[PDB]
Undergrad: 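Would you mind keeping the following structure in view while I ask a few things?
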2 protein chains.
Amino acid sequence: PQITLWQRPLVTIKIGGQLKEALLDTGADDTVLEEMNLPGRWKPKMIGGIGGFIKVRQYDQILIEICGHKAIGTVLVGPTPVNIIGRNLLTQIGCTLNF
Amino acid sequence: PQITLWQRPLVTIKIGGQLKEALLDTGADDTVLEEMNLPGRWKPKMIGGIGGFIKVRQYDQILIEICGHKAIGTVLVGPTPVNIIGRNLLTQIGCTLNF
Ligand SMILES: COC(=O)N[C@H](C(=O)Nc1ccccc1CC[C@@H](CO)NCc1ccc(N)cc1)C(c1ccccc1)c1ccccc1
Ligand SMILES: [Cl-]
Ligand SMILES: [Cl-]
Ligand SMILES: [Cl-]
Ligand SMILES: [Cl-]
């Protein structure tokens, strides 16, 4: 699809068999979701935002469907203001910016 | 152009007679630049995201050239870690997300 930016680019994602709403964010290097349960082991990660840095949990090789497109990659979990899909997964779904 | 997301989508901008590098950020509602002087009236604003909030100066009706495309809009100035071009100006240059 082609998504204009007059409104926030919010889409439905599916992770762990559940639907969630998430923002397609070209300004984010990584994908960070609000507190949730994910399988396996996690590693520590610090991510920097507009207000400073936060600690998150890094889970690797996680299945996630974004706007119907399947991806398998790194998902961070922590106190983000909104669920964010970052460039690590936008590249998997073949997303580009165009003007 | 078609901008890949393999790397951060950094482009050259021209504002207040200054050439700067800025990030095309679909996850940003507003445009926020690192400290600089801008003409006209301003009002304070708080913007928030990962790590919390920062205080910025809000300038309206500011002319900006983004990767050769002219746009006018509100520009926020403050302690952002990177210059961000948000949706308020991405729409003006006809920027869309495609996959
Ligand atoms: C050390 O930092 C880095 O290595 N990368 C930074 C990075 O990618 N952060 C990151 C990582 C995972 C998930 C989300 C984000 C930022 C979400 C932003 C992007 O959308 N929301 C902005 C926003 C949205 C809404 C509101 N209301 C307010 C703000 C990056 C940057 C930081 C701040 C702002 C823009 C980019 C960065 C890039 C280059 C140089 C330094 C930092
Ligand atoms: Cl942020
Ligand atoms: Cl990944
Ligand atoms: Cl505006
Ligand atoms: Cl349009």
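Proteins come first, then strands; the chains are lettered A, B, ... in the order of their sequence lines, and each starts at number 1. Counting starts at 1 for both ligands and their atoms, following the listed order.
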Undergrad: Are any non-hydrogen side-chain atoms of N98(B) and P1(A) less than 4.5 angstrom apart?
TA: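 No; the side chains remain at least 4.5 Å from each other.
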
Undergrad: Suppose we measure from atom 37 (C) of ligand 1 to each protein heavy atom; which comes out shortest, and what is that distance?
TA: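 For this ligand atom, the closest protein heavy atom is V82(B) CG1, 4.2 Å.
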
Undergrad: Mark up the atoms of ligand 1 that fall under 4.0 Å of a heavy atom belonging to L23(B), in ascending order.
TA: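 Listed by number with element, the hits are 36 (C).
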
Undergrad: Can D29(B) be said to touch ligand 1, with heavy atoms closer than 4.0 Å?
TA: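 No; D29(B) lies far enough from ligand 1 that no heavy-atom distance drops under 4.0 Å.
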
Undergrad: So, does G86(A) sit close enough to ligand 1 that a heavy atom of it is under 4.0 Å from the ligand?
TA: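 False for this residue.
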
Undergrad: Using the side chain to side chain contact (heavy atoms under 4.5 Å, CB included) rule, pick out the option among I85(B), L33(B), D30(B), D60(B) that qualifies with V75(B).
TA: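 In the set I85(B), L33(B), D30(B), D60(B), the residue that makes a side chain to side chain contact (heavy atoms under 4.5 Å, CB included) with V75(B) is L33(B).
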
Undergrad: Have a look at ligand 1 and work out which part of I50(B), if any, has a heavy atom under 4.0 Å from it: side chain, backbone, both or neither.
TA: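 The answer is the side chain of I50(B).
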
Undergrad: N83(B) side chain to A22(B) main-chain N or O, any donor-acceptor pair under 3.5 Å?
TA: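 Pair absent, no side-chain N/O of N83(B) close to backbone of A22(B).
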
Undergrad: What are the atoms of ligand 1, with element, lying closer than 4.0 Å to any heavy atom of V32(A)?
TA: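 Heavy-atom distances to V32(A) below 4.0 Å select 13 (C).
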
Undergrad: Can a non-hydrogen atom of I84(B) be found less than 4.0 Å from any atom of ligand 1?
TA: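 The answer is yes, since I84(B) has a heavy atom less than 4.0 Å from ligand 1.
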
Undergrad: Indicate yes or no for a side-chain donor-acceptor contact from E21(B) to the backbone of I13(B) under 3.5 Å, with no hydrogens or angles considered.
TA: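 A pair under 3.5 Å: no.
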
Undergrad: Near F53(A), which atoms of ligand 1 are under 4.0 Å from a heavy atom of that residue?
TA: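 Reading through ligand 1 atom by atom, the close ones are 1 (C).
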
Undergrad: Between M36(B) and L38(B), is there a side-chain heavy-atom distance shorter than 4.5 Å?
TA: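 Sidechains of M36(B) and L38(B): in contact.
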
Undergrad: Going by heavy-atom distance to atom 26 (C) of ligand 1, choose the closest among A28(B), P81(A), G48(B).
TA: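 Among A28(B), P81(A), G48(B), the closest heavy atom to atom 26 (C) of ligand 1 belongs to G48(B).
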
Undergrad: Between the candidates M46(B), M46(A), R87(B), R8(B), which shows the shortest non-hydrogen contact distance to atom 38 (C) of ligand 1?
TA: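 Checking each option, the heavy atom nearest atom 38 (C) of ligand 1 is found in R8(B).
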
Undergrad: For atom 30 (C) of ligand 1, which of the options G49(B), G27(A), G78(A), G27(B) provides the nearest non-hydrogen atom?
TA: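 Shortest heavy-atom distance from atom 30 (C) of ligand 1: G27(A).
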
Undergrad: Given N83(B), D25(B), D30(B), which has its nearest heavy atom closest to atom 22 (C) of ligand 1?
TA: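 Answer by nearest heavy atom: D25(B).
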
Undergrad: For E35(B) and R57(B): C-alpha separation, side-chain torsions, deciding distance, then whether salt bridge (charged side-chain N to carboxylate O under 4.0 Å, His left out) applies.
TA: CA-CA 9 Å; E35(B) 284 294 347; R57(B) 297 189 320 274; 2.8 Å; yes

Undergrad: Look only at the side chain of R87(B) and the backbone of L5(A), and say whether a donor-acceptor pair between them is shorter than 3.5 Å.
TA: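 Yes, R87(B) side chain to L5(A) backbone: donor-acceptor pair under 3.5 Å.
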
Undergrad: Ignoring hydrogens and angles, tell me if any N or O in the side chain of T80(B) forms a donor-acceptor pair with the backbone of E34(B) under 3.5 Å.
TA: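 It does not hold such a pair.
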
